[PDB]
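Each protein sequence line maps, in turn, to chains A and B.
All letters in the first sequence, in the order written, are residues 36 to 124 by UniProt numbering.
All letters in the second sequence, in the order written, are residues 141 to 192 by UniProt numbering.
No residue lacks a Cβ here, since even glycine has one placed at the ideal position from N, Cα and C.
Input: a single structure, listed below in structure tokens.
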Amino acid sequence: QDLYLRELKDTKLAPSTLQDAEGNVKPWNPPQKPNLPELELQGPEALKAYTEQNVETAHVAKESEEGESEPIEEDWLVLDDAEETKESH
Amino acid sequence: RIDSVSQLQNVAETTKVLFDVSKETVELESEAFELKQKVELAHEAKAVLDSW
Numbered sequence: 036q037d038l039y040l041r042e043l044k045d046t047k048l049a050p051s052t053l054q055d056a057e058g059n060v061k062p063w064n065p066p067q068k069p070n071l072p073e074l075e076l077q078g079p080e081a082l083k084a085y086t087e088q089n090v091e092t093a094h095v096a097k098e099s100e101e102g103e104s105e106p107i108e109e110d111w112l113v114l115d116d117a118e119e120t121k122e123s124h
Numbered sequence: 141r142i143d144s145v146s147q148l149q150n151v152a153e154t155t156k157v158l159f160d161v162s163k164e165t166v167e168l169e170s171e172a173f174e175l176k177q178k179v180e181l182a183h184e185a186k187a188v189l190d191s192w
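This is the structure we're talking about:
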């Protein structure tokens, strides 16, 4: 079917210069190469944050400590205030 | 006063367990904190590959 065959061959061929052989695109005056594989190759990381979100920041946990390892001047005040709270108990 | 003191019969034997097991159940979860670090890292990795 020369209807079918010639329509389908032009259907394959006129984008075959756009996809198979990298001859840019004869009918399009803007180019096709510096849009998706060059400019928006950083597209999703122009859609997300670069260098913290996509590099993902393997970050060390900020180390919190115990109560500064001082169990004298605070525990005896706790025991005196506990005398006070038991006088309230 | 006998009854008021006898309310405090076995307090110390049990509160020496209370104190220790209470502060252990407070403070045995820095493992979970450092697990949270890995969880949010894999969270960000899943998010960015969802973006890709």
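Who are the neighbours of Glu-184/B on chain E, taking C-beta pairs under 8 Å?
Absent from the structure: chain E. Protein chains present are A and B.
| said: For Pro-79/A and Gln-67/A, what's the separation of their Cα atoms in angstroms? | reply: Taking the straight line joining both Cα atoms gives about 18 Å.
Roughly how many whole angstroms lie between the Cα atoms of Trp-63/A and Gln-177/B?
-> A direct Cα-to-Cα measurement between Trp-63/A and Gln-177/B gives close to 49 Å.
Q) Start and end of the alpha helix (DSSP H) containing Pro-79/A? A) For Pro-79/A, the enclosing alpha helix (DSSP H) begins and ends at 79 to 82.
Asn-89/A classed as buried or exposed, judged by whether at least 16 other C-beta atoms fall within 10 angstroms | Buried, since its Cβ has 16 or more Cβ neighbours within 10 Å.
message: Using beta carbons (cut-off 8 Å, strictly below), is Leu-82/A in contact with chain B?
response: Interface residue (Cβ-Cβ distance to chain B less than 8 Å): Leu-82/A is classified as such.
Item to complete: Establish whether the CB of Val-151/B and some CB of chain A are separated by less than 8 Å.
Response: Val-151/B is outside the set of residues whose beta carbon lies under 8 Å from a beta carbon in chain A.
Say whether chain B places a C-beta atom closer than 8 Å to the C-beta of residue 29/A. The requested residue 29/A is not part of the displayed model; chain A covers only 36 to 124.
The alpha helix (DSSP H) enclosing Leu-112/A, as first and last residue numbers: According to the DSSP assignment, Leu-112/A belongs to the alpha helix (DSSP H) that extends over 110 to 123.
task = Identify whether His-183/B lies in helix, strand or coil by the three-state DSSP scheme.
result = It is helical.
Next on the checklist: Going by C-alpha to C-alpha distance, which of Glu-171/B, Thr-165/B, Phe-159/B, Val-145/B sits closest to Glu-98/A?
Outcome noted: Of the residues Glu-171/B, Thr-165/B, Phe-159/B, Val-145/B, the one whose Cα lies closest to the Cα of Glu-98/A is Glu-171/B.
Quick check: the Cα distance between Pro-69/A and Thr-52/A, rounded to an integer number of angstroms?
Between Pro-69/A and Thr-52/A, the C-alpha separation is close to 16 Å.
Short of 8 Å in beta carbon distance, which residues of its chain neighbour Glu-109/A, apart from the five on each side in sequence? Order them along the chain.
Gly-102, listed in sequence order.
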